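S.K.: A single structure is presented below for examination.
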Amino acid sequence: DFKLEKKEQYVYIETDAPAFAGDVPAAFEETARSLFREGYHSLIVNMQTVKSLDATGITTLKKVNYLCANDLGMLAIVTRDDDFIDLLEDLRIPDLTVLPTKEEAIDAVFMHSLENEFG
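This is how it looks when you write it as structure tokens:
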């Protein structure tokens with residue numbers, strides 16, 4: 002079960018899950034796709050508690066990120082853990098952004114928006 006903060010530009014999603022795997026990525030993808038059809042182009046998820054991934058989790062992560070980018074938005078991930086950032090960045094997902102804090106993730110989302118028009 003995810004906690005949602007709905008704003009105008011973006012959605013902030015939280016999870017307590019220790020690992021992204023099993024029925025979790027399918028659940029997240031369901032939540033993400035429902036928010037997409039509500040008009041949201043940008044998602045910020047807090048993965049700080051997630052220490053590991055599976056095959057499904059990566060493809061899900063890849064897909065949600067693509068759906069965000071295609072809407073001219075982006076998918077931001079929030080975690081302080083360093084080796085987890087090394088893992089996510091090793092996925093070679095081009096527009097995937099990993100940031101230490103929520104305030105920084107929100108900055109990135111709005112920066113991206115500005116980057117479209119004035121980049």
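Numbering (the entry's author numbering), first residue to last: 2 to 119, 121. For each residue, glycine too, the CB sits at the ideal point set by N, CA and C.
Based on Cα-Cα distance, which residue from 24, 7, 32, 48 lies nearest to residue 81?
M.R.: Nearest of 24, 7, 32, 48 to residue 81, Cα basis: 48.
S.K.: The alpha helix (DSSP H) that contains residue 190, what's its start and end?
M.R.: A question about residue 190 goes unanswered here, because the residues of the chain that appear run from 2 up to 121.
S.K.: Any idea if residue 129 is buried or exposed, counting beta-carbon neighbours within 10 angstroms, 16 or more meaning buried?
M.R.: Given that the chain is displayed from residue 2 to residue 121, the structure contains no residue 129 and the question cannot be resolved.
S.K.: Roughly how many angstroms separate the alpha carbons of residue 5 and residue 119, rounded to a whole number?
M.R.: When rounded, the distance between both Cα atoms is 30 Å.
S.K.: Residue 106 and residue 45: beta carbons closer than 8 Å?
M.R.: Result yes, Cβ atoms of residue 106 and residue 45 sit closer than 8 Å.
S.K.: From 59, 110, 60, pick the residue whose C-alpha is nearest to that of residue 9; which is it?
M.R.: Residue 9 has its Cα closest to that of 110, out of 59, 110, 60.
S.K.: Use the C-beta contact count for residue 75: other C-beta atoms within 10 angstroms, 16 or more gives buried, fewer gives exposed.
M.R.: Counting Cβ neighbours within 10 Å, residue 75 comes out buried, since at least 16 surround it.
S.K.: Given this structure, state the Cα-to-Cα distance separating residue 115 from residue 66, to the nearest angstrom.
M.R.: Going by the C-alpha atoms only, they are around 18 Å apart.
S.K.: Cα separation between residue 79 and residue 39?
M.R.: Going from the Cα of residue 79 to the Cα of residue 39 covers about 23 Å.
S.K.: Would you kindly check if the distance between the Cβ of residue 59 and the Cβ of residue 92 is under 8 Å?
M.R.: Yes; because the gap between Cβ atoms is below 8 Å, this pair is in contact.
S.K.: Which residues mark the beginning and the end of the beta strand (DSSP E) in which residue 77 is found?
M.R.: That run of the beta strand (DSSP E) goes 76-79.
S.K.: Less than 7 Å between C-beta atoms, sequence neighbours within five positions excluded: which residues of the same chain meet that for residue 89?
M.R.: The answer, listed in chain order, is 78, 97, 99.
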